[PDB]
Structures are given as C-alpha cells and as structure tokens.
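Encoded as structure tokens, the structure appears first; notes follow it.
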Amino acid sequence: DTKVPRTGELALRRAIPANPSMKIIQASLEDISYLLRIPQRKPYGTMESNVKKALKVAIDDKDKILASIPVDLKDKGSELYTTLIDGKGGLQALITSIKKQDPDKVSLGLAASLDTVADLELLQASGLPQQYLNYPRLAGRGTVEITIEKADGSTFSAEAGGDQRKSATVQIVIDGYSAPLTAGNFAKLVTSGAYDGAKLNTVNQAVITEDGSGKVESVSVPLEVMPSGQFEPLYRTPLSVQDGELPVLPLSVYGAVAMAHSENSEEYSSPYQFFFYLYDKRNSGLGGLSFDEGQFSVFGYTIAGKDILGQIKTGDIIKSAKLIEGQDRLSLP
C-alpha cells in the first residue's frame, strides 16, 4: 500500500480522499493498467481475477459507497455507480473485454472505469490547526496553466506542434485536499498575477522560480506534508521516509510541484518561490524515493505539457500563470 506513483496522474488519483471501498476498486484497476504495460503475453487470467474483485466490492459495498456522498450529490453519485457497473465503459464490460482478450478494448474500458472511479471519489471527497484559521486555503482541486516563454535565441520542441516554439504551456493540478494551505497560497499568488514575468532557473533536478523577495507579502507558510495512511497533514514537520512511509503527495514523481523552503527555516515554505521537480529514479535513495522526499511542501503535479519541463533553461520566464479551474473553491482569507 506504499508504492511510488509512476505519474502525476496516478499520484493525484491516489490522493483523492475517498472511502475504502473505492480505494480497493481503484487499486484493483490500477494494477491491471500496469499489467497491460508489461511486454509479455497478456496475463488475462490475472486481469479477470482483479476485475472480479473490483466488481464484488462495488456490488457488495454499494450502500457504503453512496453513503459517503453528500445528500445533494447522491443522485449524481447514483448515476456514476450505475455506469461503473453496467455502462459500456464499466466493470461488467471490462470483464467481457478481458474474456475476449482484445487488449485495446480492455485498455479503453479500463480508462473509462478509472475515470468513473475518480469522479465517484471526488463526490465523496467533497464531503471531506487553529493558528492558520485565516490563511488562504484551497478546498479540493485546482488547475493552474503556466505559459513559459523562451529567450529570443532558444526554442521549445514538442512532438506536437512545432519544433521551434517561442512559448510552451503546461497544466499543474494542485491538491487542496492534501495541501490546503500550500495550494491555497499558490492559488492566491497566481490569481493576483504575482508569477507573471517571473524568471526561471535550473538547479540540480529542479526548475525553480526567482525568489519573490518583496513584491508580495512575506507571510509565514508552514511546511505542509500529509503522511499517507494518516488523515491530517503535519505542519512545520518534515516526513521521514526511512522506514516505509510516504507522503500523500510524494515529491518522487516527474513534474511534481513544491514550494521552496523559507529563507530562514526548513520548517516553512517560501511565500513565493516554487519549483518543478524533474524526478529521476536513477538519482534516488532507498525505494527510489528522492533524497528530498517528505522534506518539501508538494502541492501539485504537472499533467499536460510534462515533456517540455526538461527543456526549460535559466532566463526563461513564466509569461503568465492563471487559475483556470477551482477559483470558486479558494477562500480568502
């Protein structure tokens, strides 16, 4: 129950707070996703056993699944549940495609079922310290779009579209469920335009902004790290991962986004400076965990545009940063 999410997408779906029935269904389906990627004769027997396990939990725990959904969302939840069982992209259809041994219909139904699982979990999640009572806070998820502009000489090269782009744009999903203070502060800065024009730098395995000394408040933002299997984040306290533990939002994911530490203390984040983490499992310690795992306030993951992070160079700028989803769930103060 403590593996390193291969992608920001998997990190984010595992981080959705949901009830144990959904987490068991989710993990069963995510196992199959992995199995489908193995260069071997497809293990359709193992796949079928896993989906049968997911279906049994989904049928047996129907009442618990819907009970965890708030009253006003139970109709939406009931419709998602029906799809999860009997929809064309649902669990019964998945067992059928596995029996047929058509790997591309299995892959499609698996993606559909995992999407429905995530939406059900988000419905449940929407139902879930005094010193920070008036701090900016993000409830739930946000999406921040960051456009990076290259120096007049240099160029981005995507697989799509253009081997000589002056600018490229990435999307970061930030997770207020697991990092409400850090994501909240980030969202406030983005919405105020504070990152528009900020310089970027490459230092070791990180793309880090200039420090915004002045030009914003110098608020005290405590370190914020939620150990997985616990139900509140720790504040001002790094998480030791030497004996099997892992944060709900691990740093050890390519394109993870975290705040730098404050200028005076490892117990606090910078009010402004953040970085993309260019995780490389070659440079890692025990269990492939970054040597910095559990030590920084991770608050989101780069999803769209992941592949241009490694092309950013010192002197590139954040042309603009904008909170394109979730601003209704940002509380100020």
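Quick note on naming: the chains in the structure tokens go A, B, ... in the order shown, residues restart at 1 in each chain, and ligands are numbered from 1 in order of appearance.
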Can you pull out the residues contacting region 316-322 of chain A? Cut-off 12 Å, using only C-alpha atoms, and skip same-chain residues under 6 positions away; I want them as an mmCIF file with N, CA, C and O atoms, in the first residue's frame.
data_model
loop_
_atom_site.group_PDB
_atom_site.id
_atom_site.type_symbol
_atom_site.label_atom_id
_atom_site.label_comp_id
_atom_site.auth_asym_id
_atom_site.auth_seq_id
_atom_site.Cartn_x
_atom_site.Cartn_y
_atom_site.Cartn_z
ATOM 1 N N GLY A 142 -7.468 22.310 -8.042
ATOM 2 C CA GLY A 142 -7.408 23.431 -8.951
ATOM 3 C C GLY A 142 -6.519 23.079 -10.121
ATOM 4 O O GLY A 142 -5.763 22.104 -10.092
ATOM 5 N N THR A 143 -6.634 23.867 -11.183
ATOM 6 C CA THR A 143 -5.778 23.696 -12.343
ATOM 7 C C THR A 143 -5.154 25.039 -12.652
ATOM 8 O O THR A 143 -5.866 26.038 -12.808
ATOM 9 N N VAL A 144 -3.829 25.069 -12.709
ATOM 10 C CA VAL A 144 -3.092 26.291 -12.993
ATOM 11 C C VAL A 144 -2.352 26.099 -14.304
ATOM 12 O O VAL A 144 -1.562 25.154 -14.454
ATOM 13 N N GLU A 145 -2.588 27.011 -15.241
ATOM 14 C CA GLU A 145 -1.968 26.992 -16.556
ATOM 15 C C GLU A 145 -0.791 27.955 -16.559
ATOM 16 O O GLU A 145 -0.956 29.143 -16.269
ATOM 17 N N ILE A 146 0.384 27.458 -16.916
ATOM 18 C CA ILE A 146 1.598 28.258 -16.879
ATOM 19 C C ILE A 146 2.181 28.301 -18.283
ATOM 20 O O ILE A 146 2.520 27.257 -18.854
ATOM 21 N N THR A 147 2.289 29.501 -18.837
ATOM 22 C CA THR A 147 2.904 29.697 -20.139
ATOM 23 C C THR A 147 4.337 30.160 -19.918
ATOM 24 O O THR A 147 4.567 31.153 -19.223
ATOM 25 N N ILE A 148 5.289 29.419 -20.476
ATOM 26 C CA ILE A 148 6.711 29.710 -20.349
ATOM 27 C C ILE A 148 7.226 30.219 -21.689
ATOM 28 O O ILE A 148 7.014 29.578 -22.723
ATOM 29 N N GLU A 149 7.914 31.355 -21.665
ATOM 30 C CA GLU A 149 8.448 31.983 -22.866
ATOM 31 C C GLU A 149 9.966 31.877 -22.871
ATOM 32 O O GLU A 149 10.619 32.176 -21.862
ATOM 33 N N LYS A 150 10.521 31.470 -24.007
ATOM 34 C CA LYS A 150 11.953 31.257 -24.127
ATOM 35 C C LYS A 150 12.659 32.534 -24.564
ATOM 36 O O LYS A 150 12.061 33.440 -25.153
ATOM 37 N N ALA A 151 13.952 32.597 -24.249
ATOM 38 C CA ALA A 151 14.777 33.721 -24.667
ATOM 39 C C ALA A 151 14.823 33.788 -26.189
ATOM 40 O O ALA A 151 14.700 32.770 -26.882
ATOM 41 N N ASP A 152 15.016 35.005 -26.709
ATOM 42 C CA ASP A 152 14.842 35.253 -28.139
ATOM 43 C C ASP A 152 15.686 34.341 -29.023
ATOM 44 O O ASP A 152 15.389 34.206 -30.216
ATOM 45 N N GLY A 153 16.717 33.702 -28.480
ATOM 46 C CA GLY A 153 17.549 32.840 -29.294
ATOM 47 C C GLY A 153 17.157 31.374 -29.297
ATOM 48 O O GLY A 153 17.357 30.678 -30.298
ATOM 49 N N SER A 154 16.588 30.896 -28.193
ATOM 50 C CA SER A 154 16.388 29.475 -27.939
ATOM 51 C C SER A 154 14.945 29.057 -28.222
ATOM 52 O O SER A 154 14.050 29.889 -28.393
ATOM 53 N N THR A 155 14.711 27.744 -28.243
ATOM 54 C CA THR A 155 13.438 27.267 -28.759
ATOM 55 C C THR A 155 12.959 26.001 -28.047
ATOM 56 O O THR A 155 13.761 25.147 -27.652
ATOM 57 N N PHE A 156 11.640 25.910 -27.859
ATOM 58 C CA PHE A 156 10.995 24.668 -27.450
ATOM 59 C C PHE A 156 10.755 23.772 -28.660
ATOM 60 O O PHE A 156 10.561 24.248 -29.784
ATOM 61 N N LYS A 166 8.343 29.530 -29.519
ATOM 62 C CA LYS A 166 8.874 30.548 -28.624
ATOM 63 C C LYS A 166 8.323 30.366 -27.216
ATOM 64 O O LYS A 166 8.965 30.765 -26.234
ATOM 65 N N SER A 167 7.156 29.738 -27.106
ATOM 66 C CA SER A 167 6.487 29.557 -25.835
ATOM 67 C C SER A 167 5.905 28.157 -25.788
ATOM 68 O O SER A 167 5.657 27.529 -26.819
ATOM 69 N N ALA A 168 5.713 27.662 -24.566
ATOM 70 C CA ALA A 168 5.004 26.417 -24.337
ATOM 71 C C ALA A 168 4.243 26.556 -23.031
ATOM 72 O O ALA A 168 4.628 27.334 -22.156
ATOM 73 N N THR A 169 3.151 25.814 -22.921
ATOM 74 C CA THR A 169 2.240 25.932 -21.795
ATOM 75 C C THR A 169 2.077 24.571 -21.134
ATOM 76 O O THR A 169 1.944 23.549 -21.820
ATOM 77 N N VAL A 170 2.120 24.553 -19.794
ATOM 78 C CA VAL A 170 1.883 23.343 -19.017
ATOM 79 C C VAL A 170 0.669 23.565 -18.123
ATOM 80 O O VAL A 170 0.246 24.695 -17.867
ATOM 81 N N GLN A 171 0.107 22.458 -17.643
ATOM 82 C CA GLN A 171 -1.013 22.489 -16.709
ATOM 83 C C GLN A 171 -0.600 21.757 -15.450
ATOM 84 O O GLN A 171 -0.189 20.595 -15.516
ATOM 85 N N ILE A 172 -0.720 22.439 -14.318
ATOM 86 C CA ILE A 172 -0.478 21.873 -12.999
ATOM 87 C C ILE A 172 -1.819 21.718 -12.297
ATOM 88 O O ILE A 172 -2.572 22.693 -12.166
ATOM 89 N N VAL A 173 -2.112 20.512 -11.833
ATOM 90 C CA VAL A 173 -3.245 20.281 -10.949
ATOM 91 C C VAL A 173 -2.729 20.353 -9.518
ATOM 92 O O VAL A 173 -1.830 19.590 -9.138
ATOM 93 N N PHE A 186 -0.496 29.332 -3.124
ATOM 94 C CA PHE A 186 -0.142 29.319 -4.540
ATOM 95 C C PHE A 186 -1.277 29.873 -5.400
ATOM 96 O O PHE A 186 -1.060 30.724 -6.271
ATOM 97 N N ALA A 187 -2.499 29.397 -5.171
ATOM 98 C CA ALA A 187 -3.629 29.856 -5.977
ATOM 99 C C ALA A 187 -3.838 31.357 -5.827
ATOM 100 O O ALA A 187 -4.115 32.057 -6.811
ATOM 101 N N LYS A 188 -3.702 31.873 -4.599
ATOM 102 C CA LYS A 188 -3.849 33.310 -4.390
ATOM 103 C C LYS A 188 -2.798 34.081 -5.172
ATOM 104 O O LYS A 188 -3.108 35.096 -5.807
ATOM 105 N N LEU A 189 -1.544 33.612 -5.141
ATOM 106 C CA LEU A 189 -0.484 34.312 -5.856
ATOM 107 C C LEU A 189 -0.740 34.290 -7.356
ATOM 108 O O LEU A 189 -0.577 35.315 -8.035
ATOM 109 N N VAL A 190 -1.130 33.124 -7.888
ATOM 110 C CA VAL A 190 -1.411 33.000 -9.318
ATOM 111 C C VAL A 190 -2.513 33.972 -9.724
ATOM 112 O O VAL A 190 -2.363 34.742 -10.677
ATOM 113 N N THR A 191 -3.627 33.961 -8.987
ATOM 114 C CA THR A 191 -4.772 34.800 -9.338
ATOM 115 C C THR A 191 -4.444 36.282 -9.238
ATOM 116 O O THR A 191 -5.048 37.090 -9.947
ATOM 117 N N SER A 192 -3.505 36.667 -8.372
ATOM 118 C CA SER A 192 -3.106 38.067 -8.289
ATOM 119 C C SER A 192 -2.094 38.463 -9.363
ATOM 120 O O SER A 192 -1.706 39.635 -9.418
ATOM 121 N N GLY A 193 -1.665 37.533 -10.213
ATOM 122 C CA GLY A 193 -0.688 37.816 -11.245
ATOM 123 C C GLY A 193 0.748 37.855 -10.776
ATOM 124 O O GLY A 193 1.618 38.290 -11.532
ATOM 125 N N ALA A 194 1.029 37.398 -9.558
ATOM 126 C CA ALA A 194 2.350 37.591 -8.978
ATOM 127 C C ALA A 194 3.433 36.810 -9.704
ATOM 128 O O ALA A 194 4.608 37.177 -9.611
ATOM 129 N N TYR A 195 3.077 35.759 -10.431
ATOM 130 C CA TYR A 195 4.067 34.999 -11.173
ATOM 131 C C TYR A 195 4.215 35.458 -12.615
ATOM 132 O O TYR A 195 5.070 34.930 -13.326
ATOM 133 N N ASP A 196 3.423 36.422 -13.066
ATOM 134 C CA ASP A 196 3.540 36.870 -14.452
ATOM 135 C C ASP A 196 4.845 37.635 -14.620
ATOM 136 O O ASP A 196 5.044 38.690 -14.008
ATOM 137 N N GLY A 197 5.751 37.091 -15.422
ATOM 138 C CA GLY A 197 7.050 37.693 -15.617
ATOM 139 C C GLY A 197 8.174 37.089 -14.804
ATOM 140 O O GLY A 197 9.329 37.493 -14.990
ATOM 141 N N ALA A 198 7.884 36.120 -13.937
ATOM 142 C CA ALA A 198 8.896 35.580 -13.037
ATOM 143 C C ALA A 198 9.942 34.791 -13.804
ATOM 144 O O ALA A 198 9.627 34.046 -14.736
ATOM 145 N N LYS A 199 11.195 34.951 -13.397
ATOM 146 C CA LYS A 199 12.295 34.252 -14.041
ATOM 147 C C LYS A 199 12.414 32.829 -13.520
ATOM 148 O O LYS A 199 12.102 32.533 -12.359
ATOM 149 N N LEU A 200 12.878 31.946 -14.388
ATOM 150 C CA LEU A 200 13.064 30.549 -14.051
ATOM 151 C C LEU A 200 14.549 30.219 -14.077
ATOM 152 O O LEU A 200 15.328 30.861 -14.789
ATOM 153 N N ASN A 201 14.930 29.213 -13.288
ATOM 154 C CA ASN A 201 16.312 28.761 -13.180
ATOM 155 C C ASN A 201 16.354 27.244 -13.092
ATOM 156 O O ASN A 201 15.456 26.609 -12.540
ATOM 157 N N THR A 202 17.415 26.666 -13.621
ATOM 158 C CA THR A 202 17.656 25.241 -13.483
ATOM 159 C C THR A 202 18.764 25.041 -12.465
ATOM 160 O O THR A 202 19.845 25.616 -12.606
ATOM 161 N N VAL A 207 13.417 22.997 -11.766
ATOM 162 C CA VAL A 207 13.173 24.271 -12.419
ATOM 163 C C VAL A 207 12.533 25.154 -11.367
ATOM 164 O O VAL A 207 11.386 24.913 -10.970
ATOM 165 N N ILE A 208 13.267 26.152 -10.885
ATOM 166 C CA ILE A 208 12.851 26.928 -9.727
ATOM 167 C C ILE A 208 12.668 28.380 -10.138
ATOM 168 O O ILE A 208 13.456 28.922 -10.924
ATOM 169 N N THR A 209 11.616 29.002 -9.621
ATOM 170 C CA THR A 209 11.399 30.417 -9.872
ATOM 171 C C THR A 209 12.421 31.273 -9.130
ATOM 172 O O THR A 209 13.064 30.839 -8.168
ATOM 173 N N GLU A 210 12.556 32.512 -9.588
ATOM 174 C CA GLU A 210 13.213 33.523 -8.780
ATOM 175 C C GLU A 210 12.485 33.617 -7.438
ATOM 176 O O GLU A 210 11.294 33.298 -7.326
ATOM 177 N N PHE A 274 8.631 28.572 -5.943
ATOM 178 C CA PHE A 274 8.271 27.170 -6.103
ATOM 179 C C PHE A 274 9.135 26.572 -7.202
ATOM 180 O O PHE A 274 9.848 27.291 -7.906
ATOM 181 N N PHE A 275 9.086 25.240 -7.335
ATOM 182 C CA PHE A 275 9.864 24.536 -8.350
ATOM 183 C C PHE A 275 9.111 23.329 -8.890
ATOM 184 O O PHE A 275 8.314 22.694 -8.186
ATOM 185 N N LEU A 309 9.151 20.339 -19.681
ATOM 186 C CA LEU A 309 9.825 20.795 -18.465
ATOM 187 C C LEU A 309 11.337 20.642 -18.589
ATOM 188 O O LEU A 309 12.094 21.543 -18.217
#
_Report as a PyMOL selection string all protein, DNA and RNA residues lying within 8 Å of residue 16 (chain A), evaluated on only C-alpha atoms, omitting residues in the same chain fewer than 6 positions from it._
chain A and resi 118+121-122+125+177
*Pick out the closest residue to residue 230 (chain A) from this set: A:247, A:333, A:8, A:103. Count only C-alpha atoms.*
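Smallest separation from residue 230 (chain A) among the options: A:247.
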Which residues are close to residue 20 (chain A), i.e. within 12 Å by only C-alpha atoms, leaving aside same-chain residues fewer than 4 positions away? Reply as a JSON list (two decimals) with N, CA and C atoms, in the first residue's frame.
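Below is the file selection30.json, written as the result:
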[["chain", "number", "residue", "atom", "x", "y", "z"],
["A", 14, "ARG", "N", -4.57, 8.67, -6.53],
["A", 14, "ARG", "CA", -4.41, 8.03, -5.23],
["A", 14, "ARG", "C", -4.62, 9.02, -4.10],
["A", 16, "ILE", "N", -6.92, 11.40, -3.90],
["A", 16, "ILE", "CA", -8.31, 11.76, -3.65],
["A", 16, "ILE", "C", -8.78, 11.11, -2.36],
["A", 24, "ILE", "N", -10.19, 0.36, -2.85],
["A", 24, "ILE", "CA", -9.89, -1.01, -3.23],
["A", 24, "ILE", "C", -10.20, -1.24, -4.70],
["A", 25, "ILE", "N", -11.35, -0.74, -5.16],
["A", 25, "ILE", "CA", -11.71, -0.83, -6.58],
["A", 25, "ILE", "C", -10.66, -0.14, -7.42],
["A", 26, "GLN", "N", -10.27, 1.08, -7.01],
["A", 26, "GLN", "CA", -9.27, 1.86, -7.74],
["A", 26, "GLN", "C", -7.96, 1.09, -7.86],
["A", 27, "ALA", "N", -7.47, 0.53, -6.76],
["A", 27, "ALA", "CA", -6.17, -0.14, -6.77],
["A", 27, "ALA", "C", -6.21, -1.40, -7.62],
["A", 54, "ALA", "N", -12.84, -6.20, -7.99],
["A", 54, "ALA", "CA", -13.40, -4.85, -8.01],
["A", 54, "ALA", "C", -14.92, -4.87, -8.10],
["A", 57, "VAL", "N", -16.56, -5.94, -4.71],
["A", 57, "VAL", "CA", -16.56, -4.81, -3.78],
["A", 57, "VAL", "C", -17.59, -3.77, -4.21],
["A", 58, "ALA", "N", -17.67, -3.48, -5.51],
["A", 58, "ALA", "CA", -18.59, -2.45, -5.98],
["A", 58, "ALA", "C", -20.04, -2.86, -5.74],
["A", 61, "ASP", "N", -20.52, -3.29, -1.60],
["A", 61, "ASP", "CA", -20.40, -2.07, -0.81],
["A", 61, "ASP", "C", -21.20, -0.92, -1.37],
["A", 64, "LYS", "N", -22.38, 1.60, 1.26],
["A", 64, "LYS", "CA", -21.28, 2.39, 1.81],
["A", 64, "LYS", "C", -20.75, 3.39, 0.78],
["A", 65, "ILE", "N", -20.64, 2.99, -0.48],
["A", 65, "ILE", "CA", -20.12, 3.90, -1.50],
["A", 65, "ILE", "C", -21.00, 5.14, -1.58],
["A", 68, "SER", "N", -21.20, 7.67, 1.58],
["A", 68, "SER", "CA", -20.11, 8.63, 1.72],
["A", 68, "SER", "C", -20.29, 9.87, 0.84],
["A", 121, "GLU", "N", -15.03, 9.16, -6.41],
["A", 121, "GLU", "CA", -14.19, 9.53, -5.28],
["A", 121, "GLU", "C", -14.25, 11.03, -5.04],
["A", 124, "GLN", "N", -17.30, 11.87, -3.04],
["A", 124, "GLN", "CA", -17.07, 11.56, -1.63],
["A", 124, "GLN", "C", -16.13, 12.57, -1.00],
["A", 229, "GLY", "N", -1.89, 7.27, 4.89],
["A", 229, "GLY", "CA", -2.41, 6.46, 5.96],
["A", 229, "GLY", "C", -2.77, 7.23, 7.21]]
*asked:* Using DSSP assignments from the backbone, pull out every residue in region 150-281 of chain A that falls under alpha helix (DSSP H) and give it to me as a list in words.
replied: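 Matching residues, listed in order: residues 180, 181, 182, 183, 184, 185, 186, 187, 188, 189, 190 and 191 of chain A.
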*In Å, how far is it from CA of residue 137 (chain A) to CA of residue 329 (chain A)?*
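Distance between the two atoms: 8.3 Å.
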_A:313, A:13, A:6, A:23 ranked by distance to residue 178 (chain A), top pick (using only C-alpha atoms)_ =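 The closest residue to residue 178 (chain A) is A:13.
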_So, with only C-alpha atoms as the atoms that count, which of A:288, A:39, A:310, A:235 lies closest to residue 3 (chain A)?_
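Counting only C-alpha atoms, the residue closest to residue 3 (chain A) is A:288.
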*Just give me the gap between CA of residue 296 (chain A) and CA of residue 19 (chain A) in Å, one decimal is fine.*
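These atoms are spaced 27.2 Å apart.
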*How far is it from CA of residue 332 (chain A) to CA of residue 138 (chain A), in Å with one decimal?*
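CA of residue 138 (chain A) lies at a distance of 9.2 Å from CA of residue 332 (chain A).
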*Show which residues sit within 6 Å of residue 276 (chain A), as a ChimeraX atom specification. Count only C-alpha atoms, and ignore same-chain residues fewer than 4 positions away.*
/A:206-207,255-257
_Using only C-alpha atoms: which of A:56, A:261, A:41, A:141 has the shortest distance to residue 22 (chain A)_ =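 Closest candidate: A:56.
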*Show which residues sit within 7 Å of residue 224 (chain A), as a PyMOL selection string. Count only C-alpha atoms, and ignore same-chain residues fewer than 6 positions away.*
chain A and resi 179+182+233-236+297
*Determine which residues of region 94-290 of chain A receive a DSSP assignment of strand (DSSP E or B), computed from the backbone, and state them as a ChimeraX atom specification.*
/A:137-138,141-149,156,165,167-175,199-203,206-209,221-222,224-225,227,234-235,247,256-261,268-277
*Nearest residue to residue 307 (chain A) from the set A:28, A:158, A:240, A:246 (distances using only C-alpha atoms)*: A:158
_Pick from A:284, A:293, A:248, A:299, whichever lies nearest to residue 15 (chain A) using only C-alpha atoms_ =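 Once distances to residue 15 (chain A) are computed over only C-alpha atoms, the minimum belongs to A:248.
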*asked:* Can you tell me which residues surround residue 265 (chain A) at a distance of at most 10 Å, considering only C-alpha atoms, apart from same-chain residues fewer than 3 positions away, and format the answer as a list in words?
replied: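 Surrounding residues, per the criterion: residues 222, 223, 236, 261, 262, 268, 269 and 270 of chain A.
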